[PDB]
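Source file model_27.csv; content: CSV, C-alpha atoms and all ligand atoms.
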```
chain,number,residue,atom,x,y,z
N,1,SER,CA,7.5,-21.3,5.8
N,2,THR,CA,7.6,-18.6,3.1
N,3,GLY,CA,5.3,-17.2,0.4
N,4,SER,CA,5.8,-15.3,-2.8
N,5,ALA,CA,3.1,-13.6,-5.0
N,6,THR,CA,3.2,-11.4,-8.0
N,7,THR,CA,1.5,-8.0,-7.6
N,8,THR,CA,0.2,-6.3,-10.8
N,9,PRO,CA,-0.8,-2.7,-11.5
N,10,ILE,CA,-4.5,-2.3,-12.0
N,11,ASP,CA,-4.1,0.2,-14.8
N,12,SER,CA,-1.5,2.0,-17.0
N,13,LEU,CA,-0.8,4.6,-14.3
N,14,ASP,CA,0.0,2.2,-11.4
N,15,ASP,CA,-3.0,3.6,-9.4
N,16,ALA,CA,-2.9,0.5,-7.3
N,17,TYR,CA,-1.6,-3.1,-7.3
N,18,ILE,CA,-3.5,-6.3,-7.0
N,19,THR,CA,-2.2,-9.6,-5.7
N,20,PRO,CA,-4.1,-12.9,-6.0
N,21,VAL,CA,-5.2,-14.4,-2.6
N,22,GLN,CA,-6.8,-17.9,-2.1
N,23,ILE,CA,-9.7,-17.9,0.4
N,24,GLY,CA,-11.6,-20.9,1.6
N,25,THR,CA,-11.9,-24.5,0.6
N,26,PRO,CA,-12.0,-25.1,-2.3
N,27,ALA,CA,-10.0,-21.9,-2.9
N,28,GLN,CA,-11.8,-18.8,-4.1
N,29,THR,CA,-9.1,-16.5,-5.6
N,30,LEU,CA,-9.7,-12.8,-5.2
N,31,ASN,CA,-7.4,-10.0,-6.3
N,32,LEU,CA,-6.7,-7.9,-3.2
N,33,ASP,CA,-5.0,-4.6,-2.7
N,34,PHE,CA,-2.2,-5.2,-0.2
N,35,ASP,CA,-2.2,-2.1,2.1
N,36,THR,CA,0.6,-1.5,4.6
N,37,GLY,CA,-1.4,1.5,5.8
N,38,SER,CA,-4.4,-0.5,7.2
N,39,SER,CA,-5.0,-3.7,9.1
N,40,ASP,CA,-8.3,-5.2,7.8
N,41,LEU,CA,-8.6,-8.1,5.3
N,42,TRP,CA,-11.9,-7.4,3.7
N,43,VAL,CA,-13.6,-8.7,0.6
N,44,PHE,CA,-16.5,-8.2,-1.7
N,45,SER,CA,-18.8,-11.1,-1.0
N,46,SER,CA,-22.1,-12.8,-1.5
N,47,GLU,CA,-23.4,-10.5,1.3
N,48,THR,CA,-22.4,-7.2,-0.4
N,49,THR,CA,-25.4,-5.1,-1.4
N,50,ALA,CA,-26.0,-6.1,-5.0
N,51,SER,CA,-26.2,-2.6,-6.4
N,52,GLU,CA,-22.7,-2.0,-4.9
N,53,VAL,CA,-21.0,-4.9,-6.8
N,54,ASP,CA,-20.0,-4.0,-10.4
N,55,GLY,CA,-17.6,-6.6,-11.8
N,56,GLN,CA,-15.6,-7.7,-8.7
N,57,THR,CA,-15.0,-11.3,-7.9
N,58,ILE,CA,-16.9,-12.1,-4.6
N,59,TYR,CA,-16.2,-14.5,-1.7
N,60,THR,CA,-19.1,-16.8,-1.0
N,61,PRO,CA,-18.5,-18.2,2.5
N,62,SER,CA,-21.4,-20.7,2.1
N,63,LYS,CA,-19.4,-22.4,-0.6
N,64,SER,CA,-16.3,-22.8,1.6
N,65,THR,CA,-16.2,-25.9,3.8
N,66,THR,CA,-13.7,-24.2,6.2
N,67,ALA,CA,-15.6,-20.9,6.6
N,68,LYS,CA,-17.0,-20.2,10.0
N,69,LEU,CA,-19.1,-17.1,11.0
N,70,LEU,CA,-17.3,-15.2,13.7
N,71,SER,CA,-20.4,-14.8,15.9
N,72,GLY,CA,-21.3,-11.2,16.7
N,73,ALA,CA,-18.3,-9.6,15.0
N,74,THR,CA,-18.7,-6.6,12.7
N,75,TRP,CA,-16.3,-4.2,11.1
N,76,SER,CA,-16.4,-0.7,9.6
N,77,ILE,CA,-13.5,1.2,8.1
N,78,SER,CA,-12.9,4.6,6.6
N,79,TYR,CA,-9.8,5.4,4.6
N,80,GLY,CA,-7.8,8.6,4.1
N,81,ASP,CA,-9.3,9.1,0.7
N,82,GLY,CA,-12.9,9.2,2.1
N,83,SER,CA,-13.9,5.7,1.0
N,84,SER,CA,-15.3,3.2,3.4
N,85,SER,CA,-16.8,-0.3,3.8
N,86,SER,CA,-18.4,-2.4,6.5
N,87,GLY,CA,-19.9,-5.8,7.2
N,88,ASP,CA,-19.5,-9.1,9.2
N,89,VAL,CA,-16.7,-11.5,9.7
N,90,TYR,CA,-15.8,-15.1,8.9
N,91,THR,CA,-12.7,-17.1,9.8
N,92,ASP,CA,-11.3,-19.2,6.9
N,93,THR,CA,-8.1,-20.5,5.4
N,94,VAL,CA,-6.2,-17.8,3.5
N,95,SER,CA,-3.1,-18.4,1.3
N,96,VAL,CA,-0.8,-15.9,-0.4
N,97,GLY,CA,1.8,-17.1,-2.8
N,98,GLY,CA,1.9,-20.6,-1.1
N,99,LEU,CA,1.9,-19.3,2.5
N,100,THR,CA,-1.2,-20.5,4.3
N,101,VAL,CA,-2.9,-19.2,7.5
N,102,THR,CA,-5.8,-21.1,9.0
N,103,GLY,CA,-8.4,-19.2,11.0
N,104,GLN,CA,-7.8,-15.9,9.3
N,105,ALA,CA,-10.4,-13.2,9.9
N,106,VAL,CA,-12.0,-12.5,6.5
N,107,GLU,CA,-14.2,-9.4,6.8
N,108,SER,CA,-17.1,-9.8,4.4
N,109,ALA,CA,-18.5,-6.5,3.1
N,110,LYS,CA,-22.2,-5.8,3.4
N,111,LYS,CA,-21.6,-2.2,2.2
N,112,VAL,CA,-18.9,-0.5,0.2
N,113,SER,CA,-18.6,3.1,-0.8
N,114,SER,CA,-18.9,4.2,-4.5
N,115,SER,CA,-15.1,4.3,-5.2
N,116,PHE,CA,-14.9,0.6,-4.4
N,117,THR,CA,-17.9,-0.3,-6.5
N,118,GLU,CA,-16.5,1.8,-9.4
N,119,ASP,CA,-13.2,-0.1,-9.4
N,120,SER,CA,-14.0,-3.5,-10.8
N,121,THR,CA,-10.3,-4.6,-10.5
N,122,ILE,CA,-10.0,-4.6,-6.7
N,123,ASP,CA,-11.9,-7.4,-4.9
N,124,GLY,CA,-10.9,-6.2,-1.4
N,125,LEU,CA,-8.0,-5.2,0.7
N,126,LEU,CA,-5.4,-7.1,2.7
N,127,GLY,CA,-4.1,-5.0,5.5
N,128,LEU,CA,-0.4,-5.2,6.5
N,129,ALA,CA,-0.2,-2.4,9.1
N,130,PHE,CA,-0.1,-3.3,12.8
N,131,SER,CA,-3.1,-5.3,14.2
N,132,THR,CA,-3.8,-2.5,16.7
N,133,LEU,CA,-5.6,-0.7,13.8
N,134,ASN,CA,-7.9,-3.7,13.0
N,135,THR,CA,-11.5,-2.5,13.1
N,136,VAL,CA,-13.3,-5.8,14.1
N,137,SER,CA,-15.6,-5.3,17.1
N,138,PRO,CA,-16.0,-6.5,19.8
N,139,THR,CA,-12.9,-8.7,19.4
N,140,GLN,CA,-10.1,-7.1,17.4
N,141,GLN,CA,-8.6,-9.5,14.9
N,142,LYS,CA,-5.0,-10.1,13.6
N,143,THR,CA,-3.6,-9.3,10.2
N,144,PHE,CA,-2.5,-12.1,7.8
N,145,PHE,CA,1.1,-11.2,8.5
N,146,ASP,CA,0.6,-11.3,12.3
N,147,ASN,CA,-1.0,-14.7,12.1
N,148,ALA,CA,1.7,-16.1,9.8
N,149,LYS,CA,4.8,-14.5,11.4
N,150,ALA,CA,5.6,-17.2,14.0
N,151,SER,CA,5.6,-19.8,11.1
N,152,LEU,CA,7.8,-17.8,8.8
N,153,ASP,CA,11.5,-18.5,8.3
N,154,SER,CA,12.1,-14.8,9.2
N,155,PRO,CA,9.4,-12.4,10.6
N,156,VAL,CA,9.4,-10.1,7.5
N,157,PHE,CA,7.7,-9.3,4.3
N,158,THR,CA,9.0,-7.4,1.4
N,159,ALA,CA,7.4,-5.1,-1.2
N,160,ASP,CA,9.0,-4.9,-4.6
N,161,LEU,CA,6.5,-2.8,-6.6
N,162,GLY,CA,7.0,-2.3,-10.4
N,163,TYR,CA,6.9,0.9,-12.4
N,164,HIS,CA,4.3,0.2,-15.1
N,165,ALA,CA,5.1,-3.5,-14.6
N,166,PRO,CA,4.4,-6.4,-12.1
N,167,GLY,CA,6.3,-6.8,-8.9
N,168,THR,CA,6.5,-9.1,-5.9
N,169,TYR,CA,5.4,-9.4,-2.3
N,170,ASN,CA,7.5,-12.0,-0.4
N,171,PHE,CA,6.8,-13.3,3.1
N,172,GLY,CA,9.4,-14.8,5.3
N,173,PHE,CA,12.6,-14.2,3.4
N,174,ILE,CA,14.6,-11.5,1.7
N,175,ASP,CA,15.4,-12.2,-2.0
N,176,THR,CA,19.0,-11.0,-2.2
N,177,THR,CA,18.8,-11.0,-6.0
N,178,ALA,CA,16.0,-8.5,-6.1
N,179,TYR,CA,18.0,-5.3,-5.2
N,180,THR,CA,21.3,-3.7,-5.8
N,181,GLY,CA,23.9,-2.4,-3.3
N,182,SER,CA,22.8,-3.0,0.4
N,183,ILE,CA,19.4,-2.8,2.4
N,184,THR,CA,19.6,0.2,4.8
N,185,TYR,CA,17.3,-0.3,7.8
N,186,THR,CA,15.6,2.4,9.9
N,187,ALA,CA,13.6,2.7,13.1
N,188,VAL,CA,10.0,2.4,13.1
N,189,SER,CA,7.4,3.8,15.5
N,190,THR,CA,4.3,1.7,15.9
N,191,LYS,CA,2.6,4.2,18.2
N,192,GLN,CA,0.0,5.1,15.5
N,193,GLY,CA,-0.3,1.5,14.2
N,194,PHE,CA,1.6,2.3,11.0
N,195,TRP,CA,5.1,1.6,9.6
N,196,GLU,CA,6.1,5.0,10.6
N,197,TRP,CA,9.7,6.1,10.1
N,198,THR,CA,11.8,9.3,9.6
N,199,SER,CA,13.5,10.1,6.3
N,200,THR,CA,16.7,12.0,6.5
N,201,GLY,CA,15.9,14.5,3.7
N,202,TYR,CA,15.5,15.0,0.1
N,203,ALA,CA,16.9,16.4,-3.2
N,204,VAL,CA,15.1,17.6,-6.4
N,205,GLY,CA,16.7,16.5,-9.6
N,206,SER,CA,20.5,17.0,-9.6
N,207,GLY,CA,20.2,19.5,-6.8
N,208,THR,CA,21.9,19.4,-3.4
N,209,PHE,CA,20.6,17.1,-0.8
N,210,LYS,CA,18.7,18.9,2.0
N,211,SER,CA,19.2,17.2,5.4
N,212,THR,CA,15.9,17.4,7.3
N,213,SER,CA,13.8,14.9,9.3
N,214,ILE,CA,10.6,13.9,7.5
N,215,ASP,CA,8.4,11.6,9.6
N,216,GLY,CA,6.0,9.6,7.5
N,217,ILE,CA,4.5,6.1,6.8
N,218,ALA,CA,5.4,3.5,4.3
N,219,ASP,CA,2.0,2.9,2.7
N,220,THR,CA,1.6,0.5,-0.2
N,221,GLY,CA,-2.2,1.3,-0.3
N,222,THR,CA,-1.6,5.0,-1.2
N,223,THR,CA,-0.8,5.8,-4.8
N,224,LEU,CA,1.2,9.0,-4.4
N,225,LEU,CA,3.9,10.6,-2.3
N,226,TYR,CA,2.6,13.1,0.2
N,227,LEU,CA,5.1,15.4,1.8
N,228,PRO,CA,5.3,18.8,3.5
N,229,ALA,CA,4.2,21.8,1.5
N,230,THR,CA,7.7,23.2,1.6
N,231,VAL,CA,9.3,20.1,0.0
N,232,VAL,CA,6.5,19.8,-2.6
N,233,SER,CA,6.8,23.4,-3.6
N,234,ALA,CA,10.5,23.0,-4.0
N,235,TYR,CA,10.0,20.0,-6.3
N,236,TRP,CA,7.3,21.6,-8.6
N,237,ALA,CA,9.2,24.9,-8.8
N,238,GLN,CA,11.6,23.0,-11.1
N,239,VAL,CA,8.8,22.2,-13.6
N,240,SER,CA,7.9,25.1,-15.9
N,241,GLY,CA,4.2,25.8,-15.8
N,242,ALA,CA,3.5,23.6,-12.8
N,243,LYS,CA,1.1,25.0,-10.2
N,244,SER,CA,-1.2,23.9,-7.4
N,245,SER,CA,-4.8,23.9,-8.4
N,246,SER,CA,-7.6,24.0,-5.7
N,247,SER,CA,-10.1,23.1,-8.4
N,248,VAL,CA,-8.3,19.9,-9.4
N,249,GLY,CA,-7.1,19.0,-5.9
N,250,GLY,CA,-3.3,19.3,-6.2
N,251,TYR,CA,-0.3,20.1,-8.3
N,252,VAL,CA,-0.7,19.9,-12.1
N,253,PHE,CA,2.0,20.4,-14.8
N,254,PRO,CA,2.2,20.6,-18.6
N,255,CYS,CA,2.0,17.0,-20.1
N,256,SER,CA,4.8,18.3,-22.3
N,257,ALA,CA,7.2,18.6,-19.4
N,258,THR,CA,10.1,16.4,-18.6
N,259,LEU,CA,9.9,15.8,-14.8
N,260,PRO,CA,13.0,15.9,-12.6
N,261,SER,CA,13.8,13.0,-10.3
N,262,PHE,CA,13.1,13.2,-6.5
N,263,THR,CA,15.5,11.7,-4.0
N,264,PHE,CA,14.6,10.8,-0.4
N,265,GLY,CA,17.0,9.8,2.4
N,266,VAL,CA,17.0,6.6,4.4
N,267,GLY,CA,19.7,7.0,7.0
N,268,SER,CA,22.9,7.8,5.0
N,269,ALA,CA,21.4,6.1,1.9
N,270,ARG,CA,19.5,7.7,-1.0
N,271,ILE,CA,16.5,6.4,-3.0
N,272,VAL,CA,16.0,8.1,-6.4
N,273,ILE,CA,12.5,8.3,-7.8
N,274,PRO,CA,12.9,8.9,-11.6
N,275,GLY,CA,10.9,11.8,-13.0
N,276,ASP,CA,8.7,9.5,-15.1
N,277,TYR,CA,7.4,7.9,-11.9
N,278,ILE,CA,5.9,11.2,-10.9
N,279,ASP,CA,3.7,11.6,-14.0
N,280,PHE,CA,0.1,10.5,-13.4
N,281,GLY,CA,-1.2,11.5,-16.7
N,282,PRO,CA,-4.0,13.8,-18.0
N,283,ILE,CA,-6.3,15.3,-15.3
N,284,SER,CA,-9.2,14.4,-17.7
N,285,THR,CA,-9.2,12.4,-21.0
N,286,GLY,CA,-7.6,14.6,-23.7
N,287,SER,CA,-6.3,17.4,-21.4
N,288,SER,CA,-2.7,18.7,-22.0
N,289,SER,CA,-2.5,19.3,-18.1
N,290,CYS,CA,-1.2,16.3,-16.1
N,291,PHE,CA,-1.7,15.3,-12.4
N,292,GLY,CA,1.6,15.2,-10.2
N,293,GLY,CA,2.7,12.2,-8.2
N,294,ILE,CA,4.2,14.3,-5.4
N,295,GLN,CA,1.5,16.2,-3.5
N,296,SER,CA,1.2,18.2,-0.2
N,297,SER,CA,0.4,16.3,3.0
N,298,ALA,CA,-0.7,19.6,4.6
N,299,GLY,CA,-4.4,18.5,4.7
N,300,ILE,CA,-3.7,14.9,5.8
N,301,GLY,CA,-1.9,15.2,9.2
N,302,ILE,CA,0.8,12.7,8.2
N,303,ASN,CA,3.4,12.4,5.4
N,304,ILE,CA,2.8,9.3,3.3
N,305,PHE,CA,5.5,7.4,1.3
N,306,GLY,CA,3.0,5.8,-1.1
N,307,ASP,CA,3.6,3.8,-4.2
N,308,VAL,CA,5.4,6.6,-6.1
N,309,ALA,CA,8.2,6.4,-3.5
N,310,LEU,CA,8.0,2.7,-2.6
N,311,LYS,CA,8.2,1.4,-6.2
N,312,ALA,CA,11.6,3.0,-6.5
N,313,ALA,CA,12.9,0.7,-3.8
N,314,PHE,CA,13.0,-2.9,-2.5
N,315,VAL,CA,11.3,-2.4,0.9
N,316,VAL,CA,11.7,-4.7,3.9
N,317,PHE,CA,8.9,-4.7,6.5
N,318,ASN,CA,10.7,-6.2,9.5
N,319,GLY,CA,8.1,-7.5,12.0
N,320,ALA,CA,10.6,-8.6,14.6
N,321,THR,CA,9.9,-7.7,18.3
N,322,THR,CA,11.4,-4.3,17.7
N,323,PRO,CA,10.1,-3.5,14.2
N,324,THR,CA,12.2,-1.8,11.5
N,325,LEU,CA,12.1,-0.8,7.7
N,326,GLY,CA,14.7,-1.5,5.1
N,327,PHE,CA,15.2,0.2,1.8
N,328,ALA,CA,17.5,-0.8,-1.1
N,329,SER,CA,17.8,0.6,-4.6
N,330,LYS,CA,17.0,-1.9,-7.4
N,401,LIG,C1,23.4,1.6,13.3
N,401,LIG,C2,22.0,2.0,12.7
N,401,LIG,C3,21.9,3.5,12.6
N,401,LIG,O1,21.3,3.9,11.6
N,401,LIG,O2,22.4,4.2,13.4
N,401,LIG,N1,21.7,1.3,11.4
N,401,LIG,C4,22.7,1.4,10.4
N,401,LIG,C5,20.6,0.6,11.2
N,401,LIG,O3,20.4,0.0,10.2
N,401,LIG,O4,19.8,0.6,12.2
N,401,LIG,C6,18.5,0.0,11.9
N,401,LIG,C7,17.8,-0.3,13.2
N,401,LIG,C8,17.0,0.6,13.8
N,401,LIG,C9,16.4,0.3,15.0
N,401,LIG,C10,16.6,-0.8,15.6
N,401,LIG,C11,17.4,-1.8,15.1
N,401,LIG,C12,18.0,-1.5,13.9
```
Would you mind giving the structure from this file in structure tokens?
Amino acid sequence: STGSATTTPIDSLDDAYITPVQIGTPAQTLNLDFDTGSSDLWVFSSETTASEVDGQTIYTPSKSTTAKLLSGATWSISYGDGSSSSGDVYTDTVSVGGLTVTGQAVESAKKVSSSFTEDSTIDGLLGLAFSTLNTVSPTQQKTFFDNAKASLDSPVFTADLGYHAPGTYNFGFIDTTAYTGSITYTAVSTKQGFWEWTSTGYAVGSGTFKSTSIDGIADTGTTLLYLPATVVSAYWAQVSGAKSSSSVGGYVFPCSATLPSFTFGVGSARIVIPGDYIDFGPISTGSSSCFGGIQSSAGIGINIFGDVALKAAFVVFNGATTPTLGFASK
């Protein structure tokens, strides 16, 4: 089997991408944030505290003839940005782009933190990291991909995120028309539960490539590119007037600037992030100061190849026995 679904930016900055997901019978379609940095499929629901729902579409398990409460199971998750959610668990039929999994754990939110409430466009998350990170207790549950992978034509999914435009998540096949030149694969460590890999270095604009190992995670659920402070300083030094602001929470730059590209290495291959992809717009409405798309990871504990990096590539998440990542230009 295969599936293919369009993923759409939630706003004009590509802050996140939503993908329609069919849950239950008859289908209830919710727009979920596909997150290769986490492993829970959770949704706003009829059980979510009413004051914490503000425009999201909800899953109502009582209206699904295939929903079954997973007795005794609870979940609770906290994300790197400080947001969180928790609740109970149903199993139900879940389909993405024509690919159907029966008995998928659908984690129904009883509580969500304010950042989720305040974003009416995201109805939940669909985790695509390794199932070892799933938070369901006392019986950990499998991700959608883990449940589907034995049925897929090939045990892979691909992320093809658009710049200020829709893109595609495919399951079970590699669309050879969706990229240019060849797919360069690299080794993954699953020891922390992430799609963790080592970039071979970077370049700023037309500058020389610096060969240096940068361990990080491929994370579709993170907006920006978080890299070591040395790398980030080297990038922003090429932008007149750019500085790190403790007040704002990162590097800012004149909105009048033309940003240089940023290149990262994948083995001997190179992925070029155009400068425009690094512009996240005014820090506040009407400000002439803009928020950078490359930021320091120093306070995180891990480097994160988020959407800024991934949307410059066609990315293969190879979930074979010995997992790997592939990157192609497009
Ligand atoms: C030969 C290899 C390399 O980079 O040395 N290469 C080009 C390549 O794509 O290797 C990807 C891979 C990593 C780990 C396990 C299986 C496959």
Problem set entry | Long-range neighbours of residue 301 of chain N as number ranges by chain, 12 Å cut-off, all atoms listed in the file, 6 positions minimum in chain | N: 80, 215-217, 226-229
For this session: Would you mind listing the residues within 8 Å of ligand LIG 401 (chain N), counting all atoms listed in the file, as number ranges by chain?
Result: N: 184-188, 267-268, 322-326
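Nearest residue to residue 328 of chain N among N:102, N:177, N:168, N:48 is N:177, counting only C-alpha atoms.
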Seminar exercise, completed: Counting only C-alpha atoms, closest pick from N:124, N:138, N:55, N:260 relative to residue 237 of chain N is N:260
Might you pull out every residue within 10 Å of segment 287-294 of chain N, with all atoms listed in the file counted and same-chain residues fewer than 2 positions away left off, and present them as a short mmCIF file (atom, residue, chain, number, x, y, z; two decimals) with C-alpha atoms, in the frame of the given file?
```cif
data_model
loop_
_atom_site.label_atom_id
_atom_site.label_comp_id
_atom_site.auth_asym_id
_atom_site.auth_seq_id
_atom_site.Cartn_x
_atom_site.Cartn_y
_atom_site.Cartn_z
CA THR N 223 -0.80 5.80 -4.80
CA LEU N 224 1.20 9.00 -4.40
CA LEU N 225 3.90 10.60 -2.30
CA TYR N 226 2.60 13.10 0.20
CA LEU N 227 5.10 15.40 1.80
CA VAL N 231 9.30 20.10 0.00
CA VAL N 232 6.50 19.80 -2.60
CA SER N 233 6.80 23.40 -3.60
CA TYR N 235 10.00 20.00 -6.30
CA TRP N 236 7.30 21.60 -8.60
CA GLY N 241 4.20 25.80 -15.80
CA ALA N 242 3.50 23.60 -12.80
CA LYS N 243 1.10 25.00 -10.20
CA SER N 244 -1.20 23.90 -7.40
CA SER N 245 -4.80 23.90 -8.40
CA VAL N 248 -8.30 19.90 -9.40
CA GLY N 249 -7.10 19.00 -5.90
CA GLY N 250 -3.30 19.30 -6.20
CA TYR N 251 -0.30 20.10 -8.30
CA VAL N 252 -0.70 19.90 -12.10
CA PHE N 253 2.00 20.40 -14.80
CA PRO N 254 2.20 20.60 -18.60
CA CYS N 255 2.00 17.00 -20.10
CA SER N 256 4.80 18.30 -22.30
CA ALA N 257 7.20 18.60 -19.40
CA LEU N 259 9.90 15.80 -14.80
CA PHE N 262 13.10 13.20 -6.50
CA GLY N 275 10.90 11.80 -13.00
CA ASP N 276 8.70 9.50 -15.10
CA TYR N 277 7.40 7.90 -11.90
CA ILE N 278 5.90 11.20 -10.90
CA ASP N 279 3.70 11.60 -14.00
CA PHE N 280 0.10 10.50 -13.40
CA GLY N 281 -1.20 11.50 -16.70
CA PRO N 282 -4.00 13.80 -18.00
CA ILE N 283 -6.30 15.30 -15.30
CA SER N 284 -9.20 14.40 -17.70
CA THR N 285 -9.20 12.40 -21.00
CA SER N 296 1.20 18.20 -0.20
CA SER N 297 0.40 16.30 3.00
CA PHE N 305 5.50 7.40 1.30
CA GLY N 306 3.00 5.80 -1.10
CA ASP N 307 3.60 3.80 -4.20
CA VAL N 308 5.40 6.60 -6.10
CA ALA N 309 8.20 6.40 -3.50
#
```
For this session: Might you pull out every residue within 10 Å of segment 118-123 of chain N, with all atoms listed in the file counted and same-chain residues fewer than 5 positions away left off, and present them as a list in words?
Result: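 These residues fall inside the cut-off: residues 9, 10, 11, 16, 17, 18, 19, 20, 21, 29, 30, 31, 32, 33, 42, 43, 44, 45, 52, 53, 54, 55, 56, 57, 58, 59 and 113 of chain N.
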Exercise. Expressed in Å to a single decimal, how great is the separation between atom CA of residue 176 of chain N and atom CA of residue 146 of chain N?
Worked result: 23.4 Å
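Atom CA of residue 112 of chain N lies 11.0 Å from atom CA of residue 47 of chain N.
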Missing atoms in segment 319-330 of chain N: can you complete it with N, CA and C atoms, as a short mmCIF file (atom, residue, chain, number, x, y, z; two decimals), keeping the file's coordinate frame?
```
data_model
loop_
_atom_site.label_atom_id
_atom_site.label_comp_id
_atom_site.auth_asym_id
_atom_site.auth_seq_id
_atom_site.Cartn_x
_atom_site.Cartn_y
_atom_site.Cartn_z
N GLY N 319 9.07 -7.31 10.88
CA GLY N 319 8.10 -7.50 12.00
C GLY N 319 8.67 -8.21 13.18
N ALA N 320 9.98 -8.14 13.40
CA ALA N 320 10.60 -8.60 14.60
C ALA N 320 10.03 -7.84 15.83
N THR N 321 10.41 -8.31 17.02
CA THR N 321 9.90 -7.70 18.30
C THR N 321 10.04 -6.21 18.27
N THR N 322 11.19 -5.76 17.84
CA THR N 322 11.40 -4.30 17.70
C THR N 322 11.41 -4.07 16.19
N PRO N 323 10.21 -3.71 15.67
CA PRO N 323 10.10 -3.50 14.20
C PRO N 323 10.99 -2.49 13.50
N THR N 324 11.37 -2.76 12.28
CA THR N 324 12.20 -1.80 11.50
C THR N 324 11.77 -1.84 9.96
N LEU N 325 12.20 -0.83 9.19
CA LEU N 325 12.10 -0.80 7.70
C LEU N 325 13.43 -0.80 7.06
N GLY N 326 13.50 -1.51 5.96
CA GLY N 326 14.70 -1.50 5.10
C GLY N 326 14.39 -1.02 3.73
N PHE N 327 15.30 -0.24 3.16
CA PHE N 327 15.20 0.20 1.80
C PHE N 327 16.46 -0.05 1.03
N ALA N 328 16.34 -0.62 -0.17
CA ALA N 328 17.50 -0.80 -1.10
C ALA N 328 17.03 -0.23 -2.46
N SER N 329 18.01 0.28 -3.20
CA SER N 329 17.80 0.60 -4.60
C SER N 329 17.68 -0.76 -5.37
N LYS N 330 17.17 -0.68 -6.60
CA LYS N 330 17.00 -1.90 -7.40
C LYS N 330 17.05 -1.61 -8.87
#
```
